Ligand SMILES: Nc1ncnc2c1ncn2[C@@H]1O[C@@H]2COP(=O)(O)OP(=O)(O)OC[C@H]3O[C@@H](O[C@@H]1[C@@H]2O)[C@H](O)[C@@H]3O
Ligand SMILES: Nc1ncnc2c1ncn2[C@@H]1O[C@@H]2COP(=O)(O)OP(=O)(O)OC[C@H]3O[C@@H](O[C@@H]1[C@@H]2O)[C@H](O)[C@@H]3O
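Protein chains in written order, with UniProt numbering: chain A, 4 to 42, 53 to 89; chain B, 4 to 42, 53 to 89; chain C, 4 to 89; chain D, 4 to 89.
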């Protein structure tokens with residue numbers, strides 16, 4: 004379906020994405036902007062989060078398989 | 004000096020760590036707890062951040078070299 | 004000059020990409036597909052494997068001239084300063 | 004049962020570790036040190052390399068019985084449910 008580059012633009016626009024090939028069920032990613040994160054100092058940058066399979070919110074770490082996969086989809 | 008497992012316990016205690024082998028200068032990590040992040054719903058988990066070389070705050074992604082390295086140190 | 008998604012297309016075509024915003028110098032990524040690994044280590048039998056054991060691996064030629072498995076950071080994934088090694 | 008730092012000690016000793024909290028089944032990590040890679044691909048000359056080109060690589064035996072380069076997630080790094088493959 005969707006590539007990771009396409010899934011990123013969906014994330015940069017505020018929607019939630021996921022991979023059908025993931026082992027965990029009901030997981031998704033969402034991107035929070037630097038302005039929303041604050042709510053010559055260093056400023057925040059965009060951060061991708063992950064809602065895990067056990068209903069927990071962590072900072073997301075992409076696997077090599079995630080980045081190369083073609084099975085991304087939008088959370089409906 | 005310090006291993007990554009030792010550097011993690013320093014992070015879990017609120018201090019800042021870094022690797023001397025990193026290419027970027029003046030970078031460090033810090034861990035924010037789930038309680039501090041909020042400020053059958055999914056709850057936050059601990060998140061490791063990184064102050065980058067260009068004074069930006071991102072979610073940290075460990076390289077394989079980071080995890081196996083022995084050159085960790087505490088920010089003084 | 005290009006995003007990470009565009010750099011992935013360049014990576015999947017056997018080319019090398021890099022970020023000008025990286026701290027280290029003379030670094031680049033390259034992709035070893037499952038078929039490339041099966042062929043390079045297959046001794047002429049790789050075309051008959053159908054299901055190789057090694058998945059796709061992205062490598063990074065680091066600043067120390069070593070070769071590591073590349074871990075995509077959120078800064079790299081969200082960056083817009085990717086380019087092709089010329 | 005053990006933390007990630009303890010699992011790293013087990014990894015650096017040639018043993019395999021895993022997380023009971025992982026979603027996939029029958030998965031484990033294993034480490035290929037720089038010396039192991041230089042020896043296994045060196046054809047009896049690996050002891051004379053001094054500075055090998057390949058760094059240490061952590062691999063993951065994934066649920067599909069494939070072998071990938073393992074990317075340490077923040078959940079894995081902070082987890083406390085690591086154990087040794089028996
Ligand atoms: N010896 C090595 N082995 C494996 N990978 C390496 C590496 N050296 C650099 N990388 C990676 O290659 C890209 C550019 O690296 P650099 O930006 O030039 O250096 P630095 O940012 O200071 O590394 C610190 C942070 O960068 C991130 O990984 C970087 C980054 O994705 C990661 O989060 C790390 O904690
Ligand atoms: N085919 C594969 N190739 C490479 N690595 C793979 C993999 N399958 C799983 N992994 C990794 O191995 C550990 C346990 O994996 P699982 O927990 O059993 O599955 P899942 O969490 O749903 O993967 C989704 C998220 O897990 C994270 O990576 C996982 C996780 O570190 C990563 O952030 C990913 O976005």
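Here a beta-carbon is modelled for each residue, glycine too, at the ideal position from N, C-alpha and C.
Three-state class that DSSP yields for residue i in the structure shown
i                     : result
residue 20 of chain A : strand
residue 86 of chain D : strand
residue 46 of chain D : coil
residue 80 of chain D : helix
residue 13 of chain B : helix
residue 66 of chain A : coil
Listed by chain order, chain C residues near residue i by CB distance under 7 Å
i                     : result
residue 26 of chain B : 26, 27, 66
Interface partners of residue i on chain B, CB under 9 Å
i                    : result
residue 8 of chain A : Per Cβ cutoff of 9 Å: no residues; residue 8 of chain A is ~18 Å from chain B at best.
Amino acids of chain C, ordered along the chain, whose beta-carbon sits closer than 9 Å to that of residue i
i                     : result
residue 61 of chain A : 77, 80, 81
Per-residue burial, residue i [other beta carbons within 10 Å of its own, 16 or more giving buried]
i                     : result
residue 64 of chain D : buried
residue 59 of chain A : buried
residue 41 of chain D : buried
residue 82 of chain B : buried
residue 20 of chain C : buried
residue 62 of chain C : buried
residue 77 of chain A : buried
residue 79 of chain C : buried
residue 75 of chain C : buried
residue 44 of chain C : exposed
residue 39 of chain B : exposed
residue 46 of chain C : exposed
residue 92 of chain D : The structure shown does not extend to residue 92 of chain D, since chain D is modelled only from 4 to 89, so the question has no answer here.
residue 66 of chain C : exposed
Residue i: contacting residues in chain B (beta-carbon distance under 7 Å)
i                     : result
residue 32 of chain D : Under the 7 Å cutoff, chain B gives no residues; its nearest Cβ is about 10 Å from residue 32 of chain D.
First through last residue of the beta strand (DSSP E) which encompasses residue i
i                     : result
residue 57 of chain D : It is not in any beta strand (DSSP E) - residue 57 of chain D carries neither H nor E in the DSSP assignment.
residue 4 of chain A  : Counting along the chain, residue 4 of chain A falls outside any beta strand (DSSP E), and DSSP gives it neither H nor E.
residue 35 of chain C : 31-35
Ligand 4 heavy atom lying under 7 Å from the CB of residue i
i                     : result
residue 84 of chain A : With respect to small molecules bound, the structure shown includes ligand 1 and ligand 2 and not ligand 4.
Original post:
the segment 69-83 of chain A: which residues have C-beta closer than 8 Å to a C-beta of chain B, in chain order?
Top reply: Listed in sequence order: 69, 70, 71, 72, 73, 74, 75.
Subject >> Near-chain B residues of the segment 34-60 of chain D - C-beta to any C-beta below 7 Å >> reply: When CB distances to chain B are screened at a threshold of 7 Å, the residues of the segment 34-60 of chain D falling below it are 58, 59, 60, in chain order.
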